[PDB]
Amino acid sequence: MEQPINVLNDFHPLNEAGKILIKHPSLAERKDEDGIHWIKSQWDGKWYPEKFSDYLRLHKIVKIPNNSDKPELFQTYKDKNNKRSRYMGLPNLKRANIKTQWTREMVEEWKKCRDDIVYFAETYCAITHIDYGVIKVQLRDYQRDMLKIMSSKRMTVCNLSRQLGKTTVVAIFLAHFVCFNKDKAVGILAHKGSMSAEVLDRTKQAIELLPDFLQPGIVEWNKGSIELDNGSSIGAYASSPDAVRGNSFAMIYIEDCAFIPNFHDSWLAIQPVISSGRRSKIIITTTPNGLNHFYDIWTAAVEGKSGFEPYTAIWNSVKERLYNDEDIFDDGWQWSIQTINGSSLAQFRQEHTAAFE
């Protein structure tokens, strides 16, 4: 007699020792509904179509309407044809201090965006589709949760895995912050100034696609910073105490925190900012890098020993990974095995499961 009767013959390297970290898909609940077969995921308890074709089919493909002739359709309207209203002849950018008249519905739609960040993102923000082109973004569940937390909590620390599309949500969040808040100076810090400039570029891209009524008048538009008519701005800097002390930020965003050398001095400098009577917001995102400065920040937050709200998302947050090479749902069995085999368990744990090793 070989292994017992009712024991699966499929094994996974992630289930390295007596502990089952990933359950085989054949053990999952199944059901038929809406004319197709569904399988329940062990990662979020949600139902997913068995066929990738259905998973894709169920996604809404909607383009960002191009309308520069009907102001009555203010939601998609942008007066680019009339260069006068344009910021230095720039078609997609609105000029500052341009006295304008609004209707009642316009004020309500503007307020709705100001108070519902997720609605704002999925109605006026977009991503580029390889073939369908530039379309409205359908936020992944983790992106939706991340947006809500960054917006509702004063200070947030995010421990993420790699390649989750997090820059997309950060850009949207920053665009939302400066477009619906007045006199807010935002500072983006990273190891290298060029890294911060990239985060700023993604944020500028989001603001550029916005319709006239949601888009603030542009006052400044540089590679290292921008300023809007409402007095809000964003600046890209290289992390250092000087950069922190050098400006009075209403919000500081730190990119890839665990990979910033000697971040300790920057962290110390940020303490007065945190404890300031102005109630500044602090947002940190990064993938882990061992037991260094970030591990200390993360642990304090998880332990509830600081004012930071912890948030985490790992490899299974990207649902396309839950379908195998044959376009069949397998809850990520194959994707994780190939990723581990192509690297190692240690690399996978750190890069894809946000472990501190």
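The first residue of the shown sequence is 1; numbering continues from there.
Relative to its counterpart among 101-109 and 278-286, 101-109 has the higher mean temperature factor, C-alpha atoms as listed in the PDB entry. Mean CA temperature factor is higher for 60-68 when stretches 60-68 and 289-297 are set side by side in the entry. If you compare the C-alpha temperature factors of 162, 144, 202, 95 in the entry, 95 comes out highest. Highest CA B-factor among the listed residues (81, 168, 152, 232): 81. Ranked by C-alpha B-factor against the other modelled residues of its chain, residue 345 falls in the lowest third. Looking at the C-alpha B-factors along this chain, the one for residue 185 belongs to the lowest third. Compared with the other modelled residues of the chain, the Cα B-factor recorded for residue 29 ranks in the highest third.
When all modelled residues of the chain are sorted by CA temperature factor, residue 248 is found within the highest third. Among all modelled residues in this chain, the alpha-carbon of residue 223 has a temperature factor (C-alpha) in the highest third.
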